[PDB]
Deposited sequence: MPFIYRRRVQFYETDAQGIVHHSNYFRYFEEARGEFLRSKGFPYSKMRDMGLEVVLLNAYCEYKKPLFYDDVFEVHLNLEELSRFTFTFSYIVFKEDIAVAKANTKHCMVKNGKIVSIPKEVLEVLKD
């Protein structure tokens, strides 16, 4: 899955770069659109009582992201997601998050992944 996004000004800090905590926010955005494209948006899910919980997360920072920069988050597949952030086709960061469902249950949903 490919998620496209532009760096907003408030997402940067005095260092002139995107605060690292924001990357986990970009990742969450990628997941939201990934599920939506699968007809199982994180939205209709909750209606069923299914609430995706985060177990752990990791992100490696290789290159800075500046205000207004255009980039994409490449998302791929308890279930974990892999993430690669590209800016002009250059890997600026790599990450991964681990999740699970609580209604704590087995993965019903399973193949929209």
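Enquirer: Which parts of the deposited sequence lack C-alpha coordinates?
Expert: Model skips 1-2, 80-85, 112-114, 120-121, 127-128 of the deposited chain.
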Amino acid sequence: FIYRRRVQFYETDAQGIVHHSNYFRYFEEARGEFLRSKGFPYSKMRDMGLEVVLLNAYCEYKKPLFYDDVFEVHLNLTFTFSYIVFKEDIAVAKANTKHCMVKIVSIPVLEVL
From here on, numbers count along this sequence of modelled residues.
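Enquirer: Higher mean Cα B-factor in the deposited model: 43-51 or 84-92?
Expert: Averaging CA B-factors over each stretch, the winner is 43-51.
Enquirer: Determine, for stretches 23-31 and 55-63, which one has the higher mean CA B-factor as deposited.
Expert: That would be 55-63.
Enquirer: Taking the C-alpha B-factors as the PDB entry records them, is residue 70 in the lowest, middle or highest third of its chain?
Expert: Its C-alpha B-factor belongs to the lowest third of this chain's values.
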